[PDB]
Ligand code: HEC
Ligand code: HEC
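Protein chains in written order, with the numbering used here: chain A, 94 to 220; chain B, 94 to 220.
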């Protein structure tokens, strides 16, 4: 869907921004700093579900640019494992939210965050 | 969910970018330039459904900035009507996609586009 590589870069950066707001806005809830409303969190995690599937297709062939390391493309099966671990932890987070359990949510949120960081550390260029 | 107004600006700009890719990537299909696969379009319109609800909450109170006109806040019921017309045309687009009919899809796509432009012309700052 991208006319030039820069269009894929812009898309994935926007998707990751949006996805990252939906994740991070739950931090006060899982820390107990903000109240836990099970329906609110279930709806938010549904939005995060959708968003968390979107970035990866915008790292096609020859979309080098932005802060994406070239290793994303030359080590494709591996990058795919970092992405698939992350989305399987998103499935777990959905399960916790859908069930309405703050303990389970806390644990699942931590697992997702660890998977964000694992990919970050391997595949996002240094700042 | 925004620490500063600039965070709400960044969110809505990203949401609108992402939402706009999901809309515009269907243009070759509705023009007949690309093939029509009903299941592909149904899945894409589901993603657009989700995205099209996201920008508006990031125009809260005192999030002036970006290319948002101040009239968005001082004429709140009206802006809300531009937003609600747009999302009701997104409901129609979902219906067309879910039904699998290219004629209906074409018509519904045109209606959505007109609603994007109506809001653009009233509420996005001039370039
Ligand atoms: C788990 C919920 C997260 C969160 C919170 C973020 N990511 Fe990542 N990310 C990855 C790569 C390769 C990039 C660079 C993209 C590019 O510049 O081309 C990023 C970038 C980000 C950003 C910055 C976006 C921007 O506005 O420029 C942010 C806020 C962000 N990430 C947060 C790679 C990955 C992964 C590889 C499989 C995974 C998993 C994640 N990111 C997960 C998350
Ligand atoms: C219907 C599907 C669309 C499409 C394709 C776009 N919009 Fe809008 N838009 C609105 C406002 C106030 C802004 C400015 C936001 C800000 O800068 O603070 C925008 C901006 C955009 C962009 C640019 C995003 C960016 O990267 O900076 C794009 C690509 C875009 N729009 C496309 C307002 C509205 C509406 C008011 C109710 C509606 C409806 C739409 N936009 C609809 C669409």
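Heads up, the beta-carbon is just placed ideally off N, CA and C, and yes, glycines get one too.
- One alpha carbon belongs to residue 104/A, the other to residue 139/A, and they sit about 20 Å apart.
- A Cβ of chain B is located within less than 8 Å of the beta carbon of residue 140/A.
- Listed as beta-bridge partners of residue 161/A by DSSP are 217/A.
- Taking all protein chains in view, the Cβ of residue 126/A is surrounded by fewer than 16 other Cβ atoms within 10 Å, so the residue is classified as exposed.
- Only 111, 114, 118 from the region 111 to 133 of chain B bring a Cβ to less than 7 Å from some Cβ of chain A.
- The C-beta of residue 156/B comes no closer than 8 Å to any C-beta of chain A.
- Counting only runs that start and end inside the region 147 to 211 of chain A, the alpha helix (DSSP H) elements of at least 4 residues fall at 164 to 167, 169 to 192.
- Chain B places a beta carbon closer than 8 Å to that of residue 94/A, counting this residue as a contact.
- In the DSSP assignment, residue 130/B falls outside any alpha helix (DSSP H), carrying neither H nor E.
- Of the heavy atoms belonging to ligand 1, none sits nearer than 7 Å to the Cβ of residue 96/B.
- For residue 142/A, the closest C-alpha among the options 179/A, 196/A, 99/A is that of 179/A.
- Between residue 108/A and residue 111/B, the beta carbon gap of about 6 Å places them in contact (Cβ cut-off 8 Å).
- DSSP places residue 106/A inside the alpha helix (DSSP H), whose first and last residues are 98 to 117.
- A distance criterion of 7 Å places the beta-carbon of residue 165/B in contact range of ligand 2, judged by its closest non-hydrogen atom.
- Around the C-beta of residue 184/B, fewer than 16 other C-beta atoms lie within 10 Å, and the residue is accordingly described as exposed.
- In terms of CA proximity to residue 192/B, 130/B leads the group 130/B, 97/B, 114/B.
- A straight line joining the alpha-carbon of residue 197/B with that of residue 203/B spans about 10 Å.
- Taken through DSSP and simplified to helix, strand or coil, residue 124/A comes out as coil.
- Remark: C-beta atoms of residue 177/B and residue 114/A do not approach each other more closely than 8 Å.
- In terms of beta-carbon proximity, residue 145/B stays away from the interface with chain A, with every pair separated by 8 Å or more.
- The alpha-carbon of residue 189/B is positioned some 45 Å away from that of residue 220/A.
- Annotation for residue 185/A indicates a beta carbon at 7 Å or more from all heavy atoms of ligand 1.
- Contacts between residue 171/A and chain B, judged by CB atoms closer than 7 Å, are missing: the closest CB pair is about 26 Å apart.
- Rounded to the nearest whole angstrom, the C-alpha separation of residue 212/A and residue 168/B is 44 Å.
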